[PDB]
């Protein structure tokens, strides 16, 4: 049915000398090896280690110590990457990957953030704006707007679905704006009048929510 890898939560924030466990739920596996790549701004992405699920064996690539990075097994046939003794230089996006023939398939990645400053995680506070009559009158279409505010860290994932479909809709997303301990992001969905009667669901994920998305229903009623 096609190989696919899932990674949650979308970010992990830590102070120095702590550790971090990254999750990879691999579905329809076609291979025995789970690969862990790291991406950092301005550097070439590179593989850190490869893990054999069967032999339950974690093999680091040169430059990486098994004391520093190590993969093991988790609940529900999940591969997990532990990064010990975190330093700021460890921040970046960590992707699990799997070979599927001559093609390598990658998870979406979890962002590891290591900082030397005190921090507190803060969940998005959503604010919804609904289509206005004037917009429908002038454009025969209506825009749903969700503003997420005052979250930390500056990592968030949002998507719109309509009931009966499972492909995210083509929404517009603004940049993540802010600084210090408070970031925000607005997204919005412009749809034709026919779709204005259908039911929509809005989702977001954030590290302060753990793994489970928050979901809102938008309906006629």
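Residue numbers count along the first chain shown, from 1.
When the C-alpha B-factors of 153-161 and 29-37 are averaged, 29-37 comes out higher. Of the two stretches examined, 16-24 and 193-201, the record assigns the greater average C-alpha temperature factor to 193-201. The maximum CA B-factor among the listed residues 142, 107, 74, 92, taken from the PDB record, is found at 74.
In this PDB entry, residue 215 carries a Cα temperature factor that places it within the lowest third of its chain's modelled residues. When the modelled residues of the chain are ordered by their C-alpha B factor, residue 54 lands in the highest third. Sort the chain's modelled residues by C-alpha temperature factor and residue 187 lands in the lowest third, per the entry. Remark: residue 79 belongs to the highest third of its chain, ranked by C-alpha B-factor as recorded. Residue 100: CA B factor in the highest third of modelled residues in this chain (values from the PDB entry).
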